[PDB]
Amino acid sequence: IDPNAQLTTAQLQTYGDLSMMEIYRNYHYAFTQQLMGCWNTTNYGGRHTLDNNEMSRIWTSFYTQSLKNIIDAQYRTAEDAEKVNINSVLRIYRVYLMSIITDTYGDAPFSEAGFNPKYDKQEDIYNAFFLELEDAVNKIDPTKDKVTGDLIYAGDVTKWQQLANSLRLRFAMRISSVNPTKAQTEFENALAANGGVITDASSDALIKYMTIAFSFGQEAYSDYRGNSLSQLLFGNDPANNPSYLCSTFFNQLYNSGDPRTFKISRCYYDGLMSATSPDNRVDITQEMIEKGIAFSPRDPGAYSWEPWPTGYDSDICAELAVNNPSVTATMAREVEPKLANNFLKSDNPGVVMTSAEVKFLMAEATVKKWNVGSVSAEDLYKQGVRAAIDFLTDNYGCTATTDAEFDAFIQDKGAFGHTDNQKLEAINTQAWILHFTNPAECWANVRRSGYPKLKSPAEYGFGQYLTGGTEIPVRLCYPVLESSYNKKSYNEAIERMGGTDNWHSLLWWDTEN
């Protein structure tokens, strides 16, 4: 009933729902070519398997829970002067959750959602995002009702203005190909709105999750207290099918001399690792470097087992073997980079939006000749990269990158370009690294900006397996069951796309493939 508790639940579900996070490991992480090799990632997204049920998870999870609850809470709270803050916060978080739906699937229920709700055109949903965030920002008033269930900003309603105006930046940059004039105007208005935007890391929008032991039992699916994305990236089958990194991502980090290379990824021997927890793994990364062993990250479409890499004999593992000889010294699949333990904790925050992103958005707007302030595009980009690197230090307990290590990176392969194209590539490639823990935003921004320039699994010699088509999908399909619950509205949506629900159909804001 209570709208403040409704907000809590909505925030927890965003990364707490173990059912929903399957979609990100199956599809998003493969489409963005950040992870590859894990059976689920490779089979589904890596090889373009059309599976309606796997594609439906965001739609179902939100319309039956968070978004339904929030819409209700907003409606009960709407026209109350004495409840104007909780109202405005709900409106802002409603917009965010809706942004995930429309960015996955195209046209969708918004205005009439919460008996046979229309599928609002994506254009008009985005129209509503700006209007909603602008009104919410203007209604916030810290003298009125206080917010009690807020796991992002603990009720700091000033920081909600910063988030709202920051989301305005994000959505304005999103529509900057389809509708440049509106994009510019909405971006410049957002900078001038009450509260401003997120100018530094202390106003980062992060959902606070607790430490609960990972469980894949039935009771676990109703428990959103933990970060279930991190739970899943550890794995239901963690020894055989862990989060192996994709070569596009690992090679970007490694070949650019990126300081985060061995903060995001390690090579681990997992023979002695427990199920349930990433404890007792054996880090062989430094050993591999010292001995000159090639890393073998997984090309798009590849499993961990094919191609089966040349390895080496680990002296560390040979040491372990004398005391308990069920350990192999001979490494094979372990030379394949995996996601570092820092990113496999239920502690991990739920990333909504960061100061690092705002910097990249500011840099891009500057490159596009918008009127955004007096700071240079290059400086904005540099601040963005610094913030994205420090994001790991502050939130995932990674090692600090020294001023010297940063300066060496930024003056060489991390450098802002000179050409507009080069600058856009740099900003958006770097933003792609930042968004690793925000898959929803990572896939949207990859599709929108066109960077990094990803190649289809077909180009890596896996065309023979690309069951659902050759090109990397650019959306996910509506759940089949919408055909019977919401037929008229469902059929109208599909008539706009050409009469088929195709996952190669470009979303309205996506102009190029």
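Start at 1 and count along the sequence shown; that's the residue number.
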* Which fits the stretch between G114 and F115: none, 1 to 3, 4 to 9, or 10 or more deposited residues lacking coordinates? -> 4 to 9
* Averaging only over Cα atoms, indicate whether 67 to 75 or 342 to 350 has the higher B-factor in the PDB entry. => 67 to 75
* **Selected stretch [higher average CA B-factor]: 243 to 251 or 158 to 166** => 158 to 166
* Between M98, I86, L206, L232, where does the Cα B-factor run highest in the record? -> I86
* Asked: From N323, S176, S265, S376, can you pick the one with the highest C-alpha B factor in the entry?
  -> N323
* **Third assignment of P297 from its chain's C-alpha B-factors** => lowest
* Give the position of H435 by CA B-factor within its chain, expressed as the lowest, middle or highest third. => lowest
* Is the Cα B-factor recorded for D80 in the lowest, middle or highest third of its chain? -> highest
* To do: Could you tell me which third, lowest, middle or highest, the C-alpha B-factor of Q33 occupies within its chain?
  => lowest
* **Ranked C-alpha temperature factor of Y451 among modelled chain residues, by third** => lowest
